[PDB]
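Please see the structure below; I have some questions.
Chains here go by letter, A, B, C, D, E and F, matching the order in which they are written, and residues are numbered from 1 within each.
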């Protein structure tokens, strides 16, 4: 039997499939960061990063659904093992914020290509993703700001972890 | 500051981490099978396999939570690129059933090791997973039996896909 | 058409099929004991033993369901005619308690074999059955204890039968 | 102590006891037919025949209750091992319908004997059983008619099994 | 009058009776630790440890109930006078965590012996206890981790005690 | 840091700590009596005495709470092993009633000393305990009276145990 061709252009297909893989890679990075926190008495950050990891995978799934509905083959590549070597809470959140900036840039690039290609189905679809990623990037900026404001001296780590725990609980 | 040592034995830690990675690999395999179905006019099987993929990832997350609570570092490996080329619906479900048999065996091995090691915290924890995996294995056996009973001749693929669609919707 | 092979090992299949037949045999034994009581003015014990007979058959049915779901042929043998010759209420409950001990032993043997064979699907499945059989064995111990405490002298049988009637009614 | 004599005549006692044993035999036959269906990818028929088997045992229990209330000893015989080898769905339902015809005849015989003996307590008691058996006999006639109308060619078995599955679910 | 023999084996009887006494030793230890905290301005830890002591006694009672139902004599030994002198909050929780590890090991040993003896009534019964003990052991690990993360330096004791107070209140 | 001195006098501290240990001893005695009843077919008395044992420990805990709130160190001594051998139901309740009389005397002594010392905080606190102990003493007098009224002959033990069972259940 004959099935209809992919409804999206080759360039958009490539960008979206790359994004699915990016989100899967991201989810594993956050699981690794989460585990570091949990094994270093930082269960507030552990919980926050675990729930964030789960959310990034939810994004991957929503992108997959869009590919499926457009008859676009989902092309899953090898998901690289995440980094696991971390120096401390501040470094983890510094890395995480930089990572979120990279994710934001990647989404901006897809949306820009959708505009250039006149693919307004894809442009319109990605709007929830633009909005949610913006919220996540801001969130990581705010947490990093707070960790750096508190510091790590006299009970600093405890204060920071409890702050992050509060955020984790308020979001679930 | 000093954090407490992992609460599980070395062998159990390794088997559980390997299981997390098995479930992640499984989830990506099912996403790939799902995509094949969606791109070959089999949206019933597509939906079923997508939802199943998401469920295997849920299992991975529950395993991660247990590792976290026991102060056990989670070691995520590189998740292999799943098979993407398939012959048809029957082959996909034949492969899936064999895969579920492998997953069941892997869990049996962990539970057996927990008994031998006298790790009854882990034995007790794994019981939901034993039960859910058994249900999933039986489910794939049943779907494969039904696909083989219907066959591929005449409107066979349509009938089989609609049957699988019904299961997918009922499990939501 | 091809149907999938039994999902359980040959040894486990044999043990479970034997257990189905054991429960059917047990249900008929209890019906016989019940009838003896009803025809000797002991309607309290009659009701109790009838309802117990029905419960043992419910166990047989649940075991059958498990065999069915695993694609295991149910092999029903001849169900031997139950003993019908009884001396009195005490003897009936002495025999019944010994019988329940035998049933408990038989279940212990299946669970032990499941562990040895690493069949944790079956181990996990049998847990409701282990728990319920334990309750039933304890119940028969308690009733036998009470019958022996009361005795059969001045209104003893009436007192014992009314005691058992109370239990029967409280359980339904 | 003295217990009152059986309240029913010798002939009626024998026919009723024989009927209890007939229903027990019937229940085991249907369990065997059900198992054949479940192991040959016919889970619709499997479910239907399992539930029917359980219902025949319910009839046996109601007959036993009546014997008990009339101070009539229940005489349980050895329940024969049921047929376990079958040719297919059509043969199973052909055999089942013939079996239901036999059961209907057996009940007709008891009711007739009750009239001849002027045992109107028994005649009156049996009316629910006459009514329920008639419904069951008609049901098996209808299912057999449908299996024969569909046939075994093409997707015939699948269609027939799904039809029977629908009936099974609607009767729950 | 004759009462039925104990329903458990001599070895299991010994292990379970030892466990009852272990829980009653534990309960008294925690009451003593709790008192130390209350008399040294640590009412958060005082409350937590008092409530924990009460819970260990609840476990002892549940074990006693199981012994009673199996006609097993409860053999209460002398309960040793608990340690009453302590160095501080960190030492108390270090000692408590080590103690909970010992309790976990003791339960693992009973469960292992139940498996070896084929006593699946006892195995099944102990599962709530395995699960609850695991939660308690994890809890003490978590509290010790937090006490160590905070430290005893300027306001440290206050912060740690308030943290423990929050846990105590949330578990009520 | 400085913690405030105990708020009670040395004599009152001694009497209250002695009372905590008395109640713990009492609870273990009643657990032993309960077990005797349970292993000699007297589950009515078994349940009653088990629940009473638990209640005596509840008293111990309430006393401990009062010591804690007054910054008074709790001084737990060795709890000696309870008597495990008994002659029968009457003997157990005779011993129990005498024991309750002793407990009542001990409380009277503390209250008297509180009045003499002008410790009206303690006098006021103990009023629930005076009232509850009075009810318990009266209860054991009533049960002993009933056991003696019934006797040990001709179903006497059964009648007495059932009477006590009724009280146990009504107090739950």
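The criterion applied here is as follows: a contact is a pair of C-beta atoms (placed from the backbone, for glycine too) under 8 Å apart; a residue touches a chain by one contact, two chains touch by 3 or more.
Chain by chain, the UniProt names read as follows: A, B, C, D, E, F = Bacterial non-heme ferritin.
Q: Taking contacts as defined above, which has more of them, C-F or B-C?
A: Result: the pair with more contacts is B-C.
Q: Can you spot which of C-E, C-D or C-F is a repeat of the B-D interface, where more than half the contact pairs line up?
A: Repeat of the B-D interface: C-F.
Q: Whole-Å distance, chain A (Bacterial non-heme ferritin) centre to chain B (Bacterial non-heme ferritin) centre, using C-alpha means?
A: Centre-to-centre distance between chain A (Bacterial non-heme ferritin) and chain B (Bacterial non-heme ferritin): 24 Å.
Q: Just how far, in Å, is the C-alpha centre of chain F (Bacterial non-heme ferritin) from the one of chain B (Bacterial non-heme ferritin)?
A: For chain B (Bacterial non-heme ferritin) versus chain F (Bacterial non-heme ferritin), the centre distance works out to 57 Å.
Q: Find every residue in chain A (Bacterial non-heme ferritin) that makes contact with two or more other chains and list them.
A: 41, 157
Q: Could you list, by residue number, the parts of chain B (Bacterial non-heme ferritin) that touch chain E (Bacterial non-heme ferritin) in their complex?
A: 1-4, 7, 69-71, 115, 118-121, 123-125
Q: Touching residues of chain A (Bacterial non-heme ferritin) toward chain B (Bacterial non-heme ferritin) in the complex: what are they?
A: 1, 3, 6, 24, 28, 31-32, 34-36, 38-41, 46, 50, 54, 57, 61, 64-65, 67-68, 71-82, 84, 157
Q: List the residues on chain E (Bacterial non-heme ferritin) that touch chain B (Bacterial non-heme ferritin) in their complex, please.
A: Chain E (Bacterial non-heme ferritin) reaches chain B (Bacterial non-heme ferritin) through residues 97, 104, 107-109, 111-112, 115, 127, 130-131, 133-134, 137-138, 141, 144-145, 148-149, 151.
Q: Under the touch definition given earlier, write down the residues of chain F (Bacterial non-heme ferritin) that touch chain C (Bacterial non-heme ferritin) in their complex.
A: These residues of chain F (Bacterial non-heme ferritin) touch chain C (Bacterial non-heme ferritin): 41-43, 154-155, 157-158, 161.
Q: Which residues of chain E (Bacterial non-heme ferritin) touch chain A (Bacterial non-heme ferritin) once you look at their complex with the stated criterion?
A: Residues 142, 145-146, 148-151, 153-156, 159 of chain E (Bacterial non-heme ferritin) touch chain A (Bacterial non-heme ferritin) in their complex.
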